[PDB]
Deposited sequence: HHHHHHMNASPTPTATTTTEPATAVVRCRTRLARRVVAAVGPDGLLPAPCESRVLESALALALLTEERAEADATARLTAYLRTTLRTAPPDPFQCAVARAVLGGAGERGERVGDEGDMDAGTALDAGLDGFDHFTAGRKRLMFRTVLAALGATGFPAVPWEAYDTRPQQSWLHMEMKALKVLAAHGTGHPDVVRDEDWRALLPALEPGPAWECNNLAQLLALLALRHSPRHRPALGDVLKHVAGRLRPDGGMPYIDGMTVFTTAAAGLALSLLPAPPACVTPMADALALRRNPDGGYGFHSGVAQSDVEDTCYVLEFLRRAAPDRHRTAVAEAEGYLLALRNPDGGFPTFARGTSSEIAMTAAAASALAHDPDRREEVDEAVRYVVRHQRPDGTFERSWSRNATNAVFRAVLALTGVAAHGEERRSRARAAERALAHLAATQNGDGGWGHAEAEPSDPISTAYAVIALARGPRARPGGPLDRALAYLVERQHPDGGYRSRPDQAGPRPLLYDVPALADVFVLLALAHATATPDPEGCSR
């Protein structure tokens, strides 16, 4: 067939072969400078694990010399070797690279429903209190939030950044020091082969669900979608949502939407109850303005999360009213230049493909069809306007192309007009065909941020989103 179908067949063989007997696509996270530097400071100060401190040191010098990250991580690494503005300032101040923010102590107090950030902010408040010479400011309720960091085994919520920050604060408290020695050995045992510390354990639920959705969109889905659907359903949280990895109690809208869309196609009867629980999770999260937050109701709705929820809930005609209110939220927030806004992904094309899917996926007629089509046209027009010469897109309009940013654009463009020769979609598919590597896969710069806008690299996502693009476009 075409070179695109040939490329799609080769990539699908690779994704299927990577799924394990347990029905999961392994998706480890690469080492990151910020957490490696925090692990280096924690172990150095506790005078523990000399083998890991040397490997962490060699990793940091090598990474700065051959592949330096954002300026913030470089300064964090350099300080160790030799609300979000408040969090990053306090981190650098805790390492001695700047002064502590002269803010009221309540600025570090955040809502508990964002569990990861809540523990992170509490640890930095403790570090700021001790760092400025006011240890007596720390309340008992502040210490109690960091208690999960002293539990043995993998990091609480698979978040190495959260545990490292909480441990750096807990070592200042003699009441919590008895439990510090054991976890220090667990922390030092997490080093990747390159001597670095990953941000998270992985993203296996997110990756398996996105891979299964792509496989279920092929002309003939492989049989492995059933054990993949089983492995996802048995990992659901009590509230019906899904975390990004095994053992993540904080469900989120993005992970739930990918699982829900996958289960809807590959096992709507086999996992009828899991499907119903995920829809109930999304609807209990919905905001009165029609949008959807990321984690907890009462926090700000987001375009990407609202569009993803609109597409996921659109399969049930019982939910036509909530789905239409969500799509209207998307139209209401389209920028004057046709874009929407970044979020968990750092490229512009991500929110574009989520919005276009909701705009062209939900059945609509009359005045609403006109309004939704015009919003979809302006979004697809923004893609064609910012397309690079080689046929791909980057993180931003002037950035070099990468397969993942281009994959998002292809999914959006696949809902537009037919691919004519030389058209924007045709050249995008040709860019993806050229960038396929002999082993059948793709290697791309990462686009996931956490904590925003700090990037982290889960390499297995390159193959998954490119396959999702090729399945949508063929």
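- Residues 1-21, 104-137, 530-539 of the deposited sequence have no C-alpha coordinates in the model.
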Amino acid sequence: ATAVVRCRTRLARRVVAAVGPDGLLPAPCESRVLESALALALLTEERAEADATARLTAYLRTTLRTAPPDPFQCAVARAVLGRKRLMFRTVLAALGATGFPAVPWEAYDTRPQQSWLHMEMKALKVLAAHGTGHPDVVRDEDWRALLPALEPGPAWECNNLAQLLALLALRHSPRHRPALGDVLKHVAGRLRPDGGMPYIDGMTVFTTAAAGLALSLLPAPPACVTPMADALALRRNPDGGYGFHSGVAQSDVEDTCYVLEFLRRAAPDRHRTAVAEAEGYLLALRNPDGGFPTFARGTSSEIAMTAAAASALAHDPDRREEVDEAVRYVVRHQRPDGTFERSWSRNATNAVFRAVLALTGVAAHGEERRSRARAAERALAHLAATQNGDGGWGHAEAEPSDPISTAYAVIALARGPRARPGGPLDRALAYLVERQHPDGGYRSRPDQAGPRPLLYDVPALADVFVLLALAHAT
From here on, numbers count along this sequence of modelled residues.
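- Looking at mean Cα B-factors across 198-206 and 71-79, the upper value is held by 71-79.
- For the pair 246-254 and 344-352, the mean B factor over Cα atoms is greater in 344-352.
- Highest C-alpha temperature factor among 239, 157, 120, 182 per the entry: 182.
- Highest CA B-factor among the listed residues (138, 404, 167, 225): 138.
- The entry lists a Cα temperature factor for residue 383 that places it in the lowest third of the chain's modelled residues.
- For residue 31, the recorded CA temperature factor ranks within the middle third of the chain's modelled residues.
- Remark: residue 440 belongs to the lowest third of its chain, ranked by C-alpha B-factor as recorded.
- Among the modelled residues of the chain, residue 296 sits in the highest third by CA temperature factor in this PDB entry.
- In the PDB entry, a CA B factor belonging to the middle third of its chain's modelled residues is recorded for residue 398.
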